Amino acid sequence: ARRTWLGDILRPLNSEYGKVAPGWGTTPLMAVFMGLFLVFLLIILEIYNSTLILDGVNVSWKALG
Amino acid sequence: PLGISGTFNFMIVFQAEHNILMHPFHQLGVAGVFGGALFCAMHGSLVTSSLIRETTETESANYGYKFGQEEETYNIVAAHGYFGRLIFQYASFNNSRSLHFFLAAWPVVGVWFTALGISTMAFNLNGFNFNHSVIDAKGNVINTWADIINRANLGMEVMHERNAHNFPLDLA
Amino acid sequence: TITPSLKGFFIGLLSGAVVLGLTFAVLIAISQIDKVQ
Amino acid sequence: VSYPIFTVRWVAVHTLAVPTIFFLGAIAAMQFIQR
Amino acid sequence: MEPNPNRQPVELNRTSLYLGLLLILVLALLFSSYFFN
Amino acid sequence: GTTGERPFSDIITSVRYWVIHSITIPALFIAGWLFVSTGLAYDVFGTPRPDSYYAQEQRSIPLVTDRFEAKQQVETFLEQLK
Amino acid sequence: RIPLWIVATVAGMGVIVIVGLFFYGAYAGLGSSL
Amino acid sequence: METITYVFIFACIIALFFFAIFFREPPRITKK
Amino acid sequence: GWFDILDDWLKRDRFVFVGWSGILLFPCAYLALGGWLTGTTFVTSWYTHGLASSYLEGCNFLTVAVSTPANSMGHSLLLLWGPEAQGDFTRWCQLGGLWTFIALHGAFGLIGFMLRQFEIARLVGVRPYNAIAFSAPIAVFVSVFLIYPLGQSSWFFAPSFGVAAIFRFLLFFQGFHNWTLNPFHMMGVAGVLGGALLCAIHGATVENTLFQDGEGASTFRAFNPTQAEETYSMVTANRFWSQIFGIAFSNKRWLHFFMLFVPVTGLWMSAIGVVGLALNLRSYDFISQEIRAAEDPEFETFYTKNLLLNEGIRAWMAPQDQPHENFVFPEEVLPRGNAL
Amino acid sequence: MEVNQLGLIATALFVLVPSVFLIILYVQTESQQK
Amino acid sequence: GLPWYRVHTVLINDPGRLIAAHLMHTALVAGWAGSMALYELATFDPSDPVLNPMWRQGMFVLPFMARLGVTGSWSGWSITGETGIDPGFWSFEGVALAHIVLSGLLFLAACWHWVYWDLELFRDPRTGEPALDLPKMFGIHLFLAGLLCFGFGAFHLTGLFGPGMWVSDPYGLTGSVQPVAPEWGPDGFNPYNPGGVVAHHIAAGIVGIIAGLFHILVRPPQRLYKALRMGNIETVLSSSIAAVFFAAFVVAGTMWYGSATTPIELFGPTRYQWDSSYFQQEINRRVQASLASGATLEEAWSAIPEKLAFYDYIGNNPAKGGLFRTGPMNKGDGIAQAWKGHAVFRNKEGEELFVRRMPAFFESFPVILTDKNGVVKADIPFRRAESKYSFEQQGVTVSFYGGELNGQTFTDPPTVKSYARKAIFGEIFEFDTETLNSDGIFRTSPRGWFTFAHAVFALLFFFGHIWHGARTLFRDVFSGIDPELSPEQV
Amino acid sequence: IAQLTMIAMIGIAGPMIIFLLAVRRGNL
Ligand code: CLA
Ligand code: CLA
Ligand code: CLA
Ligand code: CLA
Ligand SMILES: C=Cc1c(C)c2cc3nc(c4c5[nH]c(cc6nc(cc1[nH]2)C(C)=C6CC)c(C)c5C(=O)[C@@H]4C(=O)OC)[C@@H](CCC(=O)OC/C=C(\C)CCC[C@H](C)CCC[C@H](C)CCCC(C)C)[C@@H]3C
Ligand SMILES: CC1=C(/C=C/C(C)=C/C=C/C(C)=C/C=C/C=C(C)/C=C/C=C(C)/C=C/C2=C(C)CCCC2(C)C)C(C)(C)CCC1
Ligand SMILES: CC1=C(/C=C/C(C)=C/C=C/C(C)=C/C=C/C=C(C)/C=C/C=C(C)/C=C/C2=C(C)CCCC2(C)C)C(C)(C)CCC1
Ligand SMILES: CC1=C(/C=C/C(C)=C/C=C/C(C)=C/C=C/C=C(C)/C=C/C=C(C)/C=C/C2=C(C)CCCC2(C)C)C(C)(C)CCC1
Ligand SMILES: CC1=C(/C=C/C(C)=C/C=C/C(C)=C/C=C/C=C(C)/C=C/C=C(C)/C=C/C2=C(C)CCCC2(C)C)C(C)(C)CCC1
Ligand SMILES: [Cl-]
Ligand SMILES: [Fe+2]
């Protein structure tokens, strides 16, 4: 090894290696934002594809100036 | 012709004069070729993926084989085990000999037909001609993709050999 | 606000969840009816 | 052995088996439509 | 400095050389026409 | 070499099987047949009957020309007795 | 028990019949040319 | 200039061919 | 926990392995196959391409197909309940909703299936080279049925699902993109053609280089399902080819990896070529050739010849192949040689 | 004729560079003791 | 030893030399950027932003520098076409300068991290052997990203403490660098509204800052750490690549279809604008308006700004071109010099005819002329043997309004047909073919190339993901398999 | 009109001349 000023100061940030939460930890909470993101994309996708029209949002070079 | 583009010429014109894509023999041909490449990949992968470990983590997995071996270099039982589960057991080979016969039989048989196709359309027994088959209640002609194919063929017919024809029918 | 195509989006977003539902319902159920070891 | 009836294999087999015959029946009928 | 212990030797057999070159050359025979366009 | 399922061979041979399917199979068949023969299929799929591609005189095609008012446009095509 | 070889030759002819009906339909149906 | 380039590569592939057939690594049995 | 119980059930070894993947595969895979079989026999392509496309109309197994949507639709996903069909089913059918249905569904179905290979591989404990390989067919489907038309004006120019309906896709590409002259398509075929060779050649090399392990003529039974010795003389095979072709394998591990490589690489290349045809960035012409053909009227190569075949294909097809363009090409404007 | 000026050098380096690569390896492999 | 295609595995767990490597790469990518810049500056012509803008000169990097502010040269000129402007230090030269240096430094840095590879920071106190706590790393990095993402939208795009971004009207005639105000409403999800690009970076930036912290604190649920073989760097790769190619397929789509991010005055028109006759309609709309306010045909068309007419030319359609048709769009049809003017075709009866335009799909297309109702009135025949509509038999003539040929009329068949043959591509222009020694064969715009390149790389990267991912979930069975014979019995 | 009548019989004939043998069990 070879410690160094910067090296020590950063020593903490990299040390908790294999440290894991137990069981199904935060998984379920995660599986929700995940599903939320999935729906969020489908929306912005379907908006760009003009499948989901929304007065106020005009997906053309127009609506510009 | 003996050349790259010269071959495409042979093809494009052939199609126009014989409508080969619409001939059973050519289709069997592509089944054999597509299939071959397909199977070639199947075998190739199944086998390569079920090789008995005898190599290091940082050593070519190939070295695990010596020219002039007695026993096999892959688990044909593990191979069959995986492939049998992908589709379903009885739809998978376990007999290396039956596997390899199929492996050879398929392409060779298919190409045999493709060769018989060109040898057959060499006497003007061409592909199916479904031009203006489906017609409506009054007699109008209702097009099918078979017709869109005929137009593309006419373009080829009408333009190949610009100056070689002097008469109506292309009998040569 | 809530335009015809917006309503349809919900109809499909709802008609979709249902399918995922009945599917995981049925599955989670039959799964828990046999698997002894 | 004491084999069961309604199984997963059965379901599949029917999802393809049932419609098929229904189509073969449909098509067989078309052979008579005209103009 | 300490002789880094993560290094292994590199190898390319004769057959690989050949298979390699066969590939380079033919690709070159295939793309040169389009390079000169 | 085995799993729970009752070996097809046995089933395709069981007189019970045929006793069931001699009824079921032709059942499904006659159904689909009627599906076509009763003209129902034509309406389930908006597919034209031999006498519904064009109006008597017209020789033009009912080509859908714009996405959003498409359904509406299609309906009108059925109008000219097409 | 219904002998297999019979299940086959029966289900077999049965297919040549339906598939043959299709081939006939080709010179009469709408897929005709007449 | 182009002709030369096409023929050269060709000439190179044929050379390869030669060496590959006549100067391969003799294929050794068992004790490899 | 129910999860591990849900798992337990799924990964249970049945006749037709389900697995987690199946939750995606089977729903889709069946819908794709189903939609095709449905349209092939019931739905028409009249309001879409002015074409009869189903058995119900008179089409046979070759002429039938699930045709693409109108060009008006553009790249619309055409959902059953979207602005187009508006929840209505029959309309959906007539607007070619069944295309994006089969397309998009089958698409997920190829994802599920590859995942399956990956999942089953893991369980059975074998290497996933069957999955790597299957990337090739995904690429083809993805680039051709999705990426391509995504670069064009709309789904209308994607290949329609059907036998003949695919041949026109071929003829089109020749005529408009002069696709046969593309370096990538060539590699493509070199691989598929070359792959169907390894297949045949390796198969025969094995069957005619077998050891005798039985007393019968039909040597099929003479096989040990339970490993042990090599069933064919790898040593004899080597000497055969080494004397008839000059080159010959001698490392079954490589000979088999090669067989994965050749056709998977081929299809990957053929894909890139198409990903380029999306933007119309084709390999249509050779400029040096065109320039000499302009100034000098006696210069003729099998290349120039071909380009004329293309002109004819485009001029005589465009009309009924691109209805939305209301093309009208007077007889006098139609390119044609003498007499024909 | 009327070709591309860089075509020659594009083809030359396309062949040389990777060939030179392989060759460097093969020879350094080939000369490894034992 | 190691096969040629594995030589880089020598880093799989040498955090030191892995950083040394990653440093060198960044150096080359930064280096490339700097010098690709200088190459464009040594060949780009600012003499005319109207008819010879960067996207006609095969400029690829120059546009990405304008989209964010840099629009001037230390030599005095500027992208918009103004003079006397003082870009300050951050001129194209400046940007190019900067990267070249950042590259030199990253180089030196790569060297140091290579020699001093065994820093203790990479060794786990516990096992005393090399190790990197990925989960915490990801949290840290993700924190910095959102922190920077935030700033970019918050200060740069808004103008608070920065230039802004490229913004233009609906027909790329006014474009420039302007401060853009956020937009959290719904229309901010509209690809064509700049406000959305601002809101996004502020919101996503924050969400990014929050989420980072989370990951800096909360640890990975055992279940996952196990499933996604975390603590195995070769999996960080499989996921990143999956993201990188996702990002790629998206940028390729917004470049081809257009968005406030790929502005036409910087990347060129869209194949879709030509398809829907986008600019053709904006012109007419304008011309008919002038006629209403009692102007003459000459006056009406003369009012039409050259720049506008130029977008209505199939020679700027990215869908025309070829894979080996190299160079700028200028090596094709030539450097655009001026607008010859609107061409109106008429036949003996005075009837006004119209030239059927060329669909992008067609390399070559026929000259056909129809009236308002679409009736074929005239054309240029192949076989003259029985031509009914030759320009000769119809007395077709052509007149021009506004532009070089304004007020002139031509009646000698050949000349009329020449122009008719040109009308096919839309507005007729005057090119300088000498200079670049052009060949007259259409080439694609940067918009087109960027799109082709990214759509390929993306599709290629998919394969990398599938490969590396697999190699992570099957590390154990790598090298081969072993024993037992279990298969058909649960 | 419907000589399908023919085929039918000469058709079940082939399988018959082996079936009767499956009954009289012998020489197959
Ligand atoms: C599980 C496998 C599966 C998958 C992946 C798909 C996938 C798809 N289907 Mg198919 N389908 C399936 C099974 C499946 N299907 C089955 C079994 C049937 C027979 C019943 C069908 C019948 C079917 C039809 C009839 C149609 C499709 C269509 C489609 C496509 C788009 C539909 C869509 O927008 O969904 C959106 C996705 C969702 C609803 C998922 C939401 C998930 C989150 C976690 C739930 C949150 C819900 C909550 C209410 C929201 C809170 C937010 C709040 C702000 C309101 C899509 C490719 C359409 C198509 O092909 O178009 C061309 C179409 O018309 N499918
Ligand atoms: C000191 C900082 C720095 C700065 C201010 C610039 C500034 C600039 N660069 Mg340089 N660059 C740098 C470092 C820097 N660079 C380094 C270190 C390299 C080597 C890797 C490069 C390599 C480089 C290249 C190759 C190019 C530039 C270009 C440019 C110019 C255009 C900017 C642009 O459009 O980016 C576009 C930015 C993106 C790619 C978007 C980032 C978003 C990604 C997709 C998200 C990543 C996912 C993230 C982790 C998810 C979590 C986020 C959370 C908030 C949700 C601009 C003048 C361009 C140019 O014009 O050349 C001169 C160009 O082509 N740069
Ligand atoms: C990928 C990103 C990228 C993109 C989109 C562009 C885009 C562009 N460049 Mg830039 N360029 C780049 C990277 C990029 N460049 C890099 C890294 C360099 C440094 C070398 C340059 C150096 C450069 C120069 C010096 C010039 C340009 C020019 C141009 C413009 C003209 C287009 C062209 O020449 O196409 C040409 C495209 C091709 C020939 C196609 C490449 C495809 C090859 C043949 C396939 C290789 C296949 C492979 C062998 C297959 C084997 C596989 C098998 C074994 C499995 C265009 C805007 C020109 C300009 O200034 O415009 C006026 C110009 O003079 N560029
Ligand atoms: C995101 C970046 C990325 C990174 C960091 C890695 C990293 C790695 N790859 Mg992966 N890979 C990627 C993308 C990436 N890959 C993609 C997109 C694909 C699909 C095409 C692959 C396919 C792949 C395979 C098939 C293999 C690896 C292997 C490896 C490992 C060893 C590398 C090596 O020694 O190469 C050796 C390098 C060379 C001497 C040859 C380089 C020659 C190229 C083809 C010529 C073109 C070079 C040119 C400069 C490239 C410009 C870059 C362009 C993207 C802009 C290494 C961990 C190997 C492995 O797993 O080891 C056991 C392995 O077998 N990779
Ligand atoms: C066109 C010819 C061609 C076909 C038809 C084909 C077919 C198939 N290849 C498979 C596998 C493979 N193919 C492989 C390599 C190759 N395959 C090739 C060429 C082909 N491969 C080539 C050239 C290669 C070499 C690169 C590999 C390595 C594998 C496998 O591992 C796999 C296998 O299991 O081997 C036997 C099977 C996957 C089944 C499946 O995913 O079910 C589930 C998904 C379904 C049912 C969805 C289908 C959805 C598609 C996208 C829509 C099709 C639409 C209609 C249903 C079809 C009718 C349309 C036509 C008339 C045009 C399938 C039988
Ligand atoms: C679409 C859809 C759906 C559904 C549906 C389905 C799922 C269906 C299915 C279907 C199916 C699943 C079908 C099938 C059919 C089939 C058929 C019709 C077949 C036929 C066949 C034949 C005819 C054969 C023959 C042969 C061969 C191939 C080979 C050789 C020999 C022989 C001759 C035997 C839903 C509601 C969700 C929604 C909307 C859409
Ligand atoms: C055509 C072109 C191009 C190209 C490029 C190239 C070809 C490049 C190259 C490059 C190179 C080729 C580089 C190099 C580099 C180098 C370096 C980076 C170095 C460094 C060094 C150092 C650091 C040193 C040191 C020292 C000394 C020696 C002395 C004493 C002192 C000192 C210490 C300082 C581009 C892309 C741009 C664009 C387009 C065009
Ligand atoms: C050290 C130092 C320095 C310096 C530095 C320098 C001067 C640098 C440079 C650098 C550079 C100057 C760089 C460059 C780079 C480049 C690159 C890195 C490139 C690349 C390329 C590529 C990769 C390509 C490819 C390709 C081809 C060939 C064709 C086909 C397509 C593609 C695109 C793929 C100073 C004084 C500041 C100070 C401090 C120290
Ligand atoms: C898929 C399959 C199968 C099937 C088969 C079948 C379905 C068959 C059929 C068959 C049949 C169905 C046959 C028939 C036969 C017949 C015969 C061999 C006949 C003969 C005849 C004669 C010789 C006659 C005569 C006559 C008459 C009748 C009347 C008039 C006069 C005269 C005298 C001429 C099997 C199981 C193998 C196994 C594998 C699979
Ligand atoms: Cl010819
Ligand atoms: Fe084999």
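In the PDB archive, X-ray crystallography is given as the structure determination method for this entry, at a resolution of 2.90 Å.

### Here we look at the overall build of chain B
Counting its secondary structure elements, chain B contains five helices and zero strands. Reading the helices (α) and strands (β) of chain B from amino to carboxyl end gives α-α-α-α-α. Computed over C-alpha atoms, the radius of gyration of chain B comes to 25 Å, more than 25% over the 16 Å expected from 2.2 N^0.38 for 172 residues, which places it beyond the range of a compact globule. For chain B, the spread of C-alpha atoms along the three principal axes comes to 70 × 45 × 30 Å. Considering only contacts in chain B between residues 6 or more positions apart, those separated by 24 or more positions represent 58%. Here chain B has roughly 7800 Å² of accessible surface; of this, 66% comes from carbon and sulfur atoms. One way to put it: in chain B the 7 positive side-chain charges average out to a point 5 Å from where the 12 negative ones average out.

### Observations concerning the sheet that holds strand β4 (residues 342–346) of chain K
Residues and elements named next belong to chain K. The strand order across the open sheet built from six strands is β7-β6-β5-β4-β8-β9, with neighbouring strands paired in antiparallel fashion. Since the sheet does not close on itself, it has two edges, and those belong to β7 (376–379) and β9 (409–410), each with one partner. Pairing of strand β6 (residues 368–370) with β7, which is carried by three bridges, proceeds in the antiparallel orientation. Looking across to β7, one finds that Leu369 is bridged to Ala378.

### A short note on the UniProt feature "binding site: heme" in chain F
Mapped onto the present numbering, the UniProt feature "binding site: heme" falls on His21(F). Looking at the secondary structure, you find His21(F) in helix α2 (residues 15–37). Judged by its relative accessible area of 16%, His21(F) is buried. Once residues within four sequence positions are removed from consideration, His21(F) is found in contact with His14(D) and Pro26(F).

### What about the site of ligand 7?
Residue and element names in this part refer to chain K. The full set of residues close to ligand 7 is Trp32, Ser35, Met36, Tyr39 and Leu108. At four residues, helix α1 (residues 15–41) tops the list of elements feeding residues into the shell around ligand 7. Of the residues in the shell around ligand 7, the class split is four nonpolar, one polar and no charged.

### Some details on the side chain of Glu230(I)
Mapped onto the elements of the fold, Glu230(I) is located in the loop between α9 (183–207) and α10 (234–244). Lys252(I) provides the closest opposite charge to the buried, unpaired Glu230(I), separated from it by 5.7 Å. Of note is the side chain of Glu230(I), whose polar atom sits 2.8 Å from the backbone nitrogen of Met234(I). What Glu230(I) contacts, discounting residues up to four positions off in sequence, is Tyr65(B), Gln69(B), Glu70(B), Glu71(B), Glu72(B), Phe211(I) and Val235(I).

### Quick look at the pattern of salt bridges
Scanning all chains against the criterion turns up 37 salt bridges over all chains. Here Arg253(I) makes a salt bridge to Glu54(B), at a shortest N to O gap of 2.9 Å. One end of the pair, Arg253(I), is in helix α11 (residues 252–278); the other, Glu54(B), is in the loop between α2 (24–49) and α3 (76–86), on a second chain. The residue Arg123(K) makes a salt bridge to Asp118(K) at a minimum N-O spacing of 2.8 Å. Take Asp118(K): its relative accessible area is 14%, and that puts it in the buried class. Salt bridges sharing common partners tie together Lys71(F), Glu75(F), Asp88(I) and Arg91(I).

### A few points about the site of ligand 5
In the vicinity of ligand 5 there are 27 residues, among which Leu38(B), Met42(B), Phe113(I), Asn130(I) and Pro263(I) approach most closely. Each of chains B and I places residues near ligand 5. Between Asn130(I) and ligand 5, the recorded distance is 3.2 Å, taken from a side-chain N or O atom to an oxygen atom. Relative to its unbound accessible surface of 1300 Å², ligand 5 loses 70% to contact with the protein. Mapped by element, the contributors of at least two residues to the shell around ligand 5 are α2 of chain B together with α2 (19–41), α5 (97–124), α6 (129–133), α7 (135–151), β2 (161–162) and α11 of chain I. Taken together, the residues of the shell around ligand 5 sort by class into 22 nonpolar, five polar and no charged.

### Focus on a nonpolar patch on the surface
Residue and element names in this part refer to chain K. On the surface, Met24, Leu28, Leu38, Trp74, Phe89, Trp90, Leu97, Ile100, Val101, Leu105, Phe107 and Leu108 cluster together into a nonpolar patch covering about 1200 Å² of accessible area. Those elements that provide at least two residues to the nonpolar patch are α1 and α3 (92–115). Of the residues forming the nonpolar patch, the biggest block, six residues, is contributed by α3. The class of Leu105 is exposed, set by a relative accessible area of 53%.

### Observations regarding the coordination of the magnesium atom of ligand 4
You will see that the magnesium atom of ligand 4 has only one donor from the protein, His468(K) (NE2), lying 2.4 Å away. Relative to the helices and strands, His468(K) is located in helix α15 (residues 446–473).

### Focus: the packing of aromatic side chains
Throughout the structure, instances matching the rule amount to 105 aromatic pairs over all chains. Judged by centre distance (6.3 Å) and plane angle (85 degrees), the rings of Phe21(J) and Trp4(K) are edge-to-face. With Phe21(J) in helix α1 (residues 7–30) and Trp4(K) in the segment before α1, this pair bridges two chains. On the basis of relative accessible area, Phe21(J) is assigned to the partly exposed category, the value being 38%. Positioned above the aromatic ring of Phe15(I) is the side chain of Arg9(D), whose terminal nitrogen or guanidinium carbon lies 5.6 Å from the ring centre. Sitting over the face of the ring of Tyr272(K), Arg271(K) holds its NZ or CZ atom 5.4 Å from the ring centroid.

### Some thoughts on the pairing of strand β8 (residues 397–401) of chain K
Side-chain direction in a regular strand flips from residue to residue, so the side chains alternate between the two faces of the sheet. Residue and element names in this part refer to chain K. β8 sits mainly inside the fold: four of its five residues count as buried. Strand direction decides the pairing type here: β4 and β8, joined by five bridges, are antiparallel. Counterpart to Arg346 in the pairing with β8 is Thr397. When β8 meets β9, the two strands line up antiparallel, connected through two bridges. Counted as the bridge partner of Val398 is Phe410 from β9.

### Examining the interface of chain B and chain I
Across the boundary between the two partners, chain B contributes 92 residues, which contact 95 residues of chain I. When the two sides are added together, the surface that chain B and chain I hide from each other amounts to roughly 8500 Å², 69% of it contributed by carbon and sulfur. In this assembly, chain B and chain I are joined by four salt bridges. For the pair chain B and chain I, the interface holds 30 residue pairs in polar contact. A total of 17 residues in the side of chain B that touches chain I trace back to one element, the largest contributor, which is α2(B). In the side of chain B that touches chain I, the residues fall into 50 nonpolar, 32 polar and 10 charged.

### Some points on the environment of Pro48(F)
Position of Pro48(F) among the secondary structure elements: in the loop between α3 (40–44) and α4 (70–79). For the pair formed by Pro48(F) and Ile25(F), sequence separation is 23 residues and the distance between their alpha carbons is 29 Å. Other than its neighbours up to four places away in sequence, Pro48(F) contacts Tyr42(F), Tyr53(F), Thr44(I), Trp46(I), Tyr47(I) and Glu57(I).

### Some thoughts on the UniProt feature "transmembrane region" in chain F
Within the UniProt annotation, "transmembrane region" is assigned to residues 17–37 of chain F. From the first C-alpha to the last, residues 17–37 of chain F spans 29 Å; its make-up is 100% helix and 0% strand.

### A look at unusual backbone geometry
With the exception of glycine, most residues fall at negative phi, and the peptide bonds are largely trans. Not every positive phi belongs to a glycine, and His132(B) is a case in point at roughly 65 degrees. We note that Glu484(K) has phi near 70 degrees; this positive angle belongs to a residue other than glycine. For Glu484(K), the position within the fold is in the segment after α15. Overall, the relative accessible area of 64% leaves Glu484(K) in the exposed class.

### Digging into the packing of helix α1 (residues 8–30) of chain D against α2(I)
Think of two packed helices as two axes; the pair is described by the angle between the axes and how far apart they sit. Two numbers describe how α1(D) lies on α2(I): the axes approach to 11 Å, and their chain directions differ by 10 degrees. As the angle between them shows, α1(D) and α2(I) are arranged roughly parallel. Each of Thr15(D), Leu16(D), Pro19(D), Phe23(D), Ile27(D) and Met30(D) in α1(D) lies in contact with α2(I), whose residues at this interface are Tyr30(I), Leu37(I), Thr38(I) and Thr41(I). Each residue belonging to the contact of α1(D) with α2(I) can be placed in one class, and the counts come to seven nonpolar, three polar and no charged.

### Describing the nonpolar core
Proteins that are soluble and globular tend to have nonpolar side chains buried together. In terms of nonpolar packing, the biggest core is built from 199 residues, with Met30(D), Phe42(I), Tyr148(I) and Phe345(K) touching the most fellow members. Here this core gets 10 residues from one element, more than from any other, and that element is α11(I). Residues contacting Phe345(K), with those up to four places away along its chain left out, are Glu351(K), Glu352(K), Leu353(K), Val355(K), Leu369(K), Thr397(K), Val398(K), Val416(K), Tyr419(K), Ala420(K) and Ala423(K). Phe44(K), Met54(K), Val70(K) and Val95(K) belong to the second-largest nonpolar core, a separate cluster that totals 21 residues.

What counts and what doesn't
- Residues numbered from 1 in each chain as written, not as in the entry; some residues may be left out.
- Chains lettered and ligands numbered in written order.
- Part of a larger assembly, values for the part shown.
- Heavy atoms only, no water.
- Residues with missing side-chain atoms left out of burial classes, pairs and counts.
- Helix = DSSP H or I, 4+ residues; strand = E, 2+ residues; numbered from the N terminus.
- Rg over C-alpha atoms; globule rule 2.2 N^0.38 Å.
- Contact = heavy atoms within 4.5 Å.
- Areas by Shrake-Rupley, 256 points an atom, 1.4 Å probe, with all protein chains shown as cover.
- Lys, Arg positive; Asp, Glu negative; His and termini not counted.
- Charge placed at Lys NZ, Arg CZ, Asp CG, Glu CD.
- Pairing = 2+ DSSP bridges.
- UniProt positions renumbered as here; feature names shortened; annotations may be inferred.
- Buried < 20%, exposed > 50% of the residue type's maximum accessible area, 1.4 Å probe, protein only.
- Near = heavy atom within 4 Å.
- Nonpolar A, V, L, I, M, F, W, Y, C, P; charged D, E, K, R; others polar.
- Salt bridge = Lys/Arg side-chain N within 4 Å of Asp/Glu carboxyl O.
- Polar contact = N/O pair within 3.5 Å; in protein donor to acceptor, adjacent residues only side chain to side chain.
- Patch = residues over 30% accessible without salt bridge, like charges linked within 9 Å, V, L, I, M, F, W, Y side chains within 5 Å.
- Donors = N, O, S within 2.8 Å, 3.2 Å for Na, K, Ca; no water.
- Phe/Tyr/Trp six-rings, centres within 6.5 Å; stacked < 30°, edge-to-face > 60°.
- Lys NZ or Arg CZ within 6 Å of the ring centre and 35° of its normal.
- Buried area = accessible area lost by both parts, 1.4 Å probe.
- Axes fitted to C-alpha atoms, helices over the stretch in contact; angles between N-to-C directions.
- Parallel < 35°, antiparallel > 145°, perpendicular 65-115°, else oblique.
- Core = buried A, V, L, I, M, F, W, Y, C linked by side-chain atoms within 4.5 Å.

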